[PDB]
Every structure is written in C-alpha cells, then in structure tokens.
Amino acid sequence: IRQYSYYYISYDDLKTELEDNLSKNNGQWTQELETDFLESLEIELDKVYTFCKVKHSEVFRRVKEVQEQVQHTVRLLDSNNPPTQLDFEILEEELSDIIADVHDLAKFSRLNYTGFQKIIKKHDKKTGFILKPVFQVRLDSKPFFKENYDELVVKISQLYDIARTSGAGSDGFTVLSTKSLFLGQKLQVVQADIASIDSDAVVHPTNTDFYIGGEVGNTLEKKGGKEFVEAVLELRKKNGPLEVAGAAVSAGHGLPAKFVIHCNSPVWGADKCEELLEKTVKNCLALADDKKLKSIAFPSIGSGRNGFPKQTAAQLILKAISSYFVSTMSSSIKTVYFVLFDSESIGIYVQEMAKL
C-alpha cells in the first residue's frame, strides 16, 4: 500500500477546479473566480512545501540513526568483536526505507513543481488573467524544489567523463588498463610523463648516491627544476646513501606529485636480485603508507639500466605489490599507477596483470 501521500499532486484538483469553473461560466472567467483560484493555489503550495520540509528532516533524522549503527559496527571490529547477522538485517532495512522515502520525495517534488508551472500556464492562457508573476512570488517564498537542468547536466556529464576515462578525466593522463586487487586497490597502466602525474607519490629509480641522471630522474629535473635537485641533495645528506632495495622520500617541490620516493634497485645478475627487486617495491609502498598517501606511480623499475628483462621485472613488481596489500593491515594506498611510454612495455604489464 505504501504511504499514499507521496502520490498526491496538487495539479490534479487544481485542474478540475479551473475546468469546472470554466465550464460552469461558459468558458468565461471572472475576478471572483480568480480570487478563489489564487486561494486554492496558495493552499496547495503551502501543503506541498510543508510536506517537503517535514520529509527532508525525517530523512535527516534517519540517516543520522544509520550512521550511529554503522559506527557501532566499526567500533565492534576495533574492539575485536564480530558484526552480527542482526546488525546487517537492521542496517539494510533502515537503508531501504530511507531510499524509498528519498525516491518518493524526489518524485513528489518534481511532479508537483511541474504541476504548478503547468497549471499556471494553462490558467493564464485559458482565462486571460495573468497570474504567473504573482504566483511566482508565492512560489519563491516557499521553495521545495528547483530543476536546475544545466547544473544537473554538468554534474552528470562529469560523472560520465570520470567513468569513461576510468577516473583520470579526458584532460588528465590516459588510463590504458585497470585491475582491482581483492581488497579494492586499483592497479592502472597509464601513458604519461611520470613527472606530470599528480599522484601523492612518484617513484624515482636511482642509485646509492641518489644520481638523478636517469630517464625518470631527468624528466623530474625538467619538471621540478632547481628545487627538485636541491631537495634530492638534502635528502642525500640527511639519509646517507641508499642501500640496495632501500627507499627514501623527499618533498615534491616543483612537482605535481606531493612526494618523491627514491629507490635503489638491485642490478640484474646480482645475488638475490629478484628478491631484492620485490623488497625494493615493498619498501617504496611502505614509505607511501608511512606518509599516509593514497596513490603512488611506478615506472618499470629494474628493467632500465639495471638490466632486468622486461617481463621478469613486471612479474616481480606485480607479485610484490599484491603481496604487500595482502600483508599490510589497512593500507592507505588506493591506486598504483604504472607509467609506461612504449607499446611493448604496455603489452607486457597488461599480460602480467591478467595473470594475477
């Protein structure tokens, strides 16, 4: 049966009134009929307005109750107590009730708003009495709805663009492939200048002395300028040299990135070099979590001048990233970017990501 009141539309009785009065006066209208009709309109407007005001506060009270419930369940887990079957049942019932109310309120508001506009247009046309400006004043003093079609389309189109470009936006870098890990972390292959990527952290493969002359180092220096170079130099003095598989962080001065994570990857052929490449990646991720970062961008570390075969490097890096999020309780990292420039590397990473 539902609450009947959401099915109430003022236009229905207002139309009947307008038409019954027209018919009874042979299609003629009078100031007396106009006075009565404006009274009906004002009554209907107050009815619709007060209803909307009441229902919005009701929704608000119920969502607050919902928040307390879900908060309660989080606190249970924090205290090592299990969420219960009853808790899920109650939460789902409350939510489905709220959405029913929101959905019916949305419909009720739109249809009644359209109603007032349409009954006025009909009235002014059929009667020759121009009521639109006077009723507009009433309508504006009792706001219950506004279409704002332009703003609506703008926002919906933003969501369209975000979803279509897999979250980057069409003006942003290009996302080529996305895979989600079990806990929800996104792995994305992107084509871009890694220096222009505006992730929380960018990874700079380097050596024990923080040499910045590598490919990534160079593009960071191009983008970041003197501030980047000086920041790296300061990090070298403060941190000391980078051990193999070691990582260290500097501020991303002059860079879109907030932080630069510098790592010292092992050389291909060195003792335990594959294991050390994994450790390098996890150490980068650990530092990103340490700074509470939500995103980190890797180039293909190891496969450059360190001489790792591209497929092997990709396989090891993805293995380490997967391992890390399995091991790490409540990581802040939501997205890992793989910033690649050529087709073969893109192909290799896409192939390896599918194997997970």
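All residue numbers refer to positions in the sequence shown, first residue = 1.
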Hey, which bit's got the bigger mean C-alpha B factor in the entry, 48 to 56 or 302 to 310?
302 to 310
Entry-level comparison of average CA B-factors, 77 to 85 and 145 to 153, reporting the higher stretch:
77 to 85
Between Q136, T174, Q117, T178, let me know which has the highest C-alpha B-factor in the entry?
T174
Out of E243, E278, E221, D104, highest CA B-factor residue
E221
Quick check for you: using the entry's CA B-factors within this chain, is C263 in the lowest, middle or highest third?
lowest
Ranked by Cα temperature factor within the chain, is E274 in the lowest third, the middle third or the highest third?
middle
For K282, the third of its chain by CA B-factor is the lowest
Using the temperature factors of the C-alpha atoms in this entry, rank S327 within its chain: lowest, middle or highest third.
highest
Chain-relative CA temperature factor third for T30
middle
